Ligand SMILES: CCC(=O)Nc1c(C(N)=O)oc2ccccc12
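Shown next as structure tokens: one chain only, the form deposited without the ligand.
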């Protein structure tokens, strides 16, 4: 089993901690969802290759521009996260997270991930967004952003329903293997 490293980056309420918890537990926490994520080493087997995948979060470091880059050394794949119920989090991707991720992690594959895709069919979400002259992030808007930032690919998921969560991490493993 080769050891590869994954780091998930993104704004505060993009659901990156929830995504890492749901994958590292295999199910959605039925009693209590932890506030924090320490680390986890995944035993993923993708396309016949056995890989050990270290999972790391950057939650709580978005305000500390000198502590944050310390999660980047030896990163093999970057999960660039945004929330589908927050068009503003997608707007910050090209001008805040992309310049930093490319500076500290050159030549490292970035997968743009749209979290909370379930909320695209949530009435409260569509009403709350409409009051601020907005709507949930469309699939083509997310795809266009990955195209623009030079991302390796674009994926969507929902940690609440576990839908697409496994495919993101199996694809992140594939991306980390490419040399």
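Residue numbers count along the first chain shown, from 1.
Although it is not shown, the form solved in complex with the ligand is what the next lines describe.
With respect to the ligand in the deposited bound form, the three residues 87, 127 and 131 uniformly fall beyond 4.5 angstroms at the level of their nearest heavy atom. Although the partner is absent from this view, residue 123 stays clear of the ligand in the deposited bound form, with no non-hydrogen atom inside 4.5 angstroms. Although the partner is absent here, residue 91 lies well away from the ligand in the deposited bound form, with no heavy atom inside 4.5 Å.
Residues of 96 to 124 placing a heavy atom within 4.5 Å of the ligand in the deposited bound form, in sequence order: 99, 100, 103, 104.
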